[PDB]
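In PDB author numbering, the protein residues as written are 624 to 844, 854 to 877, 887 to 958.
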């Protein structure tokens, strides 16, 4: 049978989502009780440096914030769908604003890792672990939030699989796409936070739309010896960085204005070019694939279109 069989599979996924969810909450909690709360416990003070004590947030990030969310809102809302799993895509959608917390958590994560790398042996932790009777150490839990977002993606991807014809299939997709969005976001953010030497706050130049590596030549008015640069496509600019032999050193910017693009060059479908003025300034960028190139050129069109019409009806002021 069809319907009877699919529905039973959908219910199977809903169980995992809900089983793992509960576990997720429980996990974050034992760490906030088992470790975080303990950094503030007088009785434990003799095992914790006067400084590490402060690093409590650097180490945990907004885990608590995340915990309350999933404990007070999300789980409760996910469970409502126990009888109608096809429509669980509504929750994820309606809370994408709340999910922004994950971006904050990941952003801090690298620093946490630096700190953890520098004091993981510390007696304090060893103790908390005994008391908890944990086979594993704090670091494997600090990783839980990061993963949870992907589990969602996989689960949502699975739900839709057995719901293409159900009411809500629309939301499922949207939700799925959105999660993928958060993931792309988080991933791009990680690269941007590894940019060094950018005199100023690389936030006043719009949101990061794309980042990735390319080979760059400059036909301005070196044989075929390109530089390997990591590009960051923002709303107001395109940053060029060198990947340190992951980290990147800022090289130069390209004000996203008066820009002239060349959607196609002869030589390879992976070349497109960014240039300024009448072309006495030109950048030939080679993407790692003609596909990538497509996207970048495309995302760039959008920006100029946007950058452009960011005056068209904005000049009467």
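Where a beta carbon is used, it is the ideal one built from N, C-alpha and C, also for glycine.
Checklist entry - Hey, does residue 763 have any beta-carbon neighbour from chain D nearer than 8 angstroms? => result Of the protein chains in this structure there is only one, and it is not chain D.
Next on the checklist: Along the chain, where does the beta strand (DSSP E) containing residue 866 start, and where does it finish?
Outcome noted: Along the chain shown, read from residue 1 onward, the residue named residue 866 stands at position 234. First-last for residue 866: undefined, no H or E at that position.
Checklist entry - Out of 694, 675 and 773, which has the shortest C-alpha to C-alpha gap to residue 741? => result Numbered from 1 along the chain shown, position 118 holds the residue referred to as residue 741. Nearest of 694, 675 and 773 to residue 741, Cα basis: 675.
Next on the checklist: Please classify residue 926 as buried or exposed, where buried requires at least 16 neighbouring CB atoms within 10 angstroms.
Outcome noted: Stepping through the chain shown from its first residue, residue 926 is reached at position 285. Flag for residue 926 reads buried.
Next on the checklist: Taking the alpha-carbon of residue 890 as reference, which of 656, 715 and 820 has the nearest alpha-carbon?
Outcome noted: Here residue 890 corresponds to residue number 249 of the chain shown, with the count starting at 1. Among 656, 715 and 820, the Cα nearest to that of residue 890 belongs to 820.
Next on the checklist: For residue 782 and residue 803, which I take to be in contact (beta-carbon distance under 8 angstroms), what is that distance rounded to the nearest angstrom?
Outcome noted: Locating residue 782 in the chain shown gives position 159, where the first residue counts as 1. Locating residue 803 in the chain shown gives position 180, where the first residue counts as 1. With a contact defined as Cβ atoms closer than 8 angstroms, residue 782 and residue 803 miss out at about 14 angstroms.
Checklist entry - Which residues does DSSP pair with residue 781 in a beta bridge? => result Along the chain shown, one-based indexing puts residue 781 at 158. Looking at the DSSP assignment, residue 781 forms no beta bridge with any residue, so it has no partner.
Item to check | C-alpha gap between residue 902 and residue 856, whole angstroms | outcome: The count along the chain shown starts at 1 and reaches residue 902 at position 261. The count along the chain shown starts at 1 and reaches residue 856 at position 224. The alpha-carbon atoms of residue 902 and residue 856 are separated by roughly 21 angstroms.
Checklist entry - So, are the CB atoms of residue 941 and residue 835 less than 8 angstroms apart? => result Here the question's residue 941 lines up with position 300 in the chain shown. Here the question's residue 835 lines up with position 212 in the chain shown. Contact flag unset, no.
Checklist entry - Is there contact between the region 755–768 and the region 659–670, where contact requires at least three CB pairs shorter than 8 angstroms? => result Judged by pairs of C-beta atoms under 8 angstroms, the region 755–768 does not touch the region 659–670, as fewer than three such pairs exist.
Next on the checklist: Starting from residue 637, trace the alpha helix (DSSP H) in both directions and tell me its first and last residue.
Outcome noted: Working through the chain shown from its first residue, we reach residue 637 at position 14. Per DSSP, residue 637 belongs to the alpha helix (DSSP H) from 626–654.
Next on the checklist: Taking the straight line between their C-alpha atoms, what separation do you get for residue 703 and residue 944?
Outcome noted: By 1-based counting over the chain shown, the position of residue 703 is 80. By 1-based counting over the chain shown, the position of residue 944 is 303. So the alpha carbons of these two residues sit roughly 41 angstroms apart.
Checklist entry - Just the Cα atoms here: how many angstroms apart are residue 655 and residue 686? => result As a first step, residue 655 is located in the chain shown; it is residue number 32 there, counting from the start. As a first step, residue 686 is located in the chain shown; it is residue number 63 there, counting from the start. Whole-angstrom Cα-Cα distance: 8 angstroms.
Checklist entry - In its own chain, which residues sit with a C-beta less than 6 angstroms from the C-beta of residue 785, not counting the 5 before and 5 after it? => result On the chain shown, residue 785 is found 162 positions in, with the first residue counted as 1. So the list reads 629, 632 and 633, once near-sequence residues are dropped.
Checklist entry - Looking at the structure shown, is residue 722 part of a helix, part of a strand, or coil, going by DSSP? => result What you label residue 722 is simply residue 99 of the chain shown in a count that begins at 1. In the structure shown, residue 722 sits in a helix (DSSP, three-state: H, G or I).
Next on the checklist: Just to confirm my understanding: we take residue 910, look at its own chain, exclude 5 residues before and 5 after, and list those with CB closer than 8 angstroms. What are they?
Outcome noted: Taking the chain shown and counting its residues from 1, the one referred to as residue 910 is at position 269. Cβ contact annotation for residue 910 (same chain, cutoff 8 angstroms, sequence separation greater than five): 931 and 934, in chain order.
Item to check | Residue closest to residue 649, alpha-carbon to alpha-carbon, out of 719, 893 and 691 | outcome: Translated into the one-based positions of the chain shown, residue 649 becomes position 26. Per the Cα distances, 691.
Checklist entry - Which residues mark the beginning and the end of the beta strand (DSSP E) in which residue 912 is found? => result Along the chain shown, one-based indexing puts residue 912 at 271. Looking at the DSSP string, the run of the beta strand (DSSP E) that includes residue 912 is 912–917.
Next on the checklist: Quick check: what's the CA-CA separation for residue 701 versus residue 714?
Outcome noted: The residue you call residue 701 lines up with position 78 of the chain shown. The residue you call residue 714 lines up with position 91 of the chain shown. Cα to Cα, residue 701 sits roughly 7 angstroms from residue 714.
Checklist entry - Does the region 824–833 touch the region 734–752, meaning 3 or more C-beta pairs lie closer than 8 angstroms? => result no
Checklist entry - Using the beta-carbon count (16 or more within 10 Å), is residue 929 buried or exposed? => result The residue labelled residue 929 in the question sits at position 288 within the chain shown. In summary, residue 929 is exposed, with fewer than 16 beta-carbon neighbours lying within 10 Å of its beta-carbon over all protein chains present.
Item to check | Boundaries (first-last residue) of the beta strand (DSSP E) holding residue 922 | outcome: Here the question's residue 922 lines up with position 281 in the chain shown. 922–927 is the extent of the beta strand (DSSP E) around residue 922.
Item to check | Residues that residue 859 bridges to, as DSSP identifies them | outcome: Taking the chain shown and counting its residues from 1, the one referred to as residue 859 is at position 227. Bridge partners of residue 859: 839.
Checklist entry - Where DSSP assigns a beta bridge to residue 901, which residues make up the other side? => result By one-based count along the chain shown, residue 901 stands at place 260. BP columns for residue 901 point to 916.
Item to check | In DSSP terms, what residue 890 is bridged to | outcome: On the chain shown, residue 890 is found 249 positions in, with the first residue counted as 1. Its beta-bridge partners are 819 and 874.
Item to check | Best match in 761, 897, 917 and 861 for proximity to residue 948 [C-alpha to C-alpha] | outcome: As a first step, residue 948 is located in the chain shown; it is residue number 307 there, counting from the start. Cα-wise, what sits closest to residue 948 is 897.
Item to check | Assigned secondary structure, residue 834 (DSSP; H/G/I helix, E/B strand, else coil) | outcome: As a working mapping, residue 834 is identified with position 211 in the chain shown. If DSSP states are grouped into helix, strand and coil, residue 834 belongs with the strands.
Next on the checklist: Please return the same chain residues whose Cβ sits closer than 8 angstroms to the Cβ of residue 739, not counting the five positions on each side in sequence.
Outcome noted: Within the chain shown, numbered from 1, the residue matching residue 739 stands at position 116. These residues qualify, in order along the chain: 682, 761, 762 and 765.
Next on the checklist: If contacts are defined as beta-carbon pairs under 8 angstroms, then residue 709 and residue 790 qualify, I think. What distance do you get, rounded to the angstrom?
Outcome noted: By 1-based counting over the chain shown, the position of residue 709 is 86. By 1-based counting over the chain shown, the position of residue 790 is 167. About 7 angstroms; that satisfies the 8 angstroms criterion.
Next on the checklist: Cutting at 8 angstroms between CB atoms, please list the residues of its own chain near residue 799, excluding the five before and the five after it.
Outcome noted: The residue you call residue 799 lines up with position 176 of the chain shown. Here the set comprises 712, 776, 779, 780 and 783.
Item to check | For residue 812 and residue 726, believed in contact at Cβ under 8 angstroms, the rounded distance | outcome: For the purposes of this step, residue 726 is identified with residue 103 of the chain shown, where counting begins at 1. For the purposes of this step, residue 812 is identified with residue 189 of the chain shown, where counting begins at 1. Right, the Cβ-Cβ distance comes to about 6 angstroms (below 8 angstroms), so this counts as a contact.
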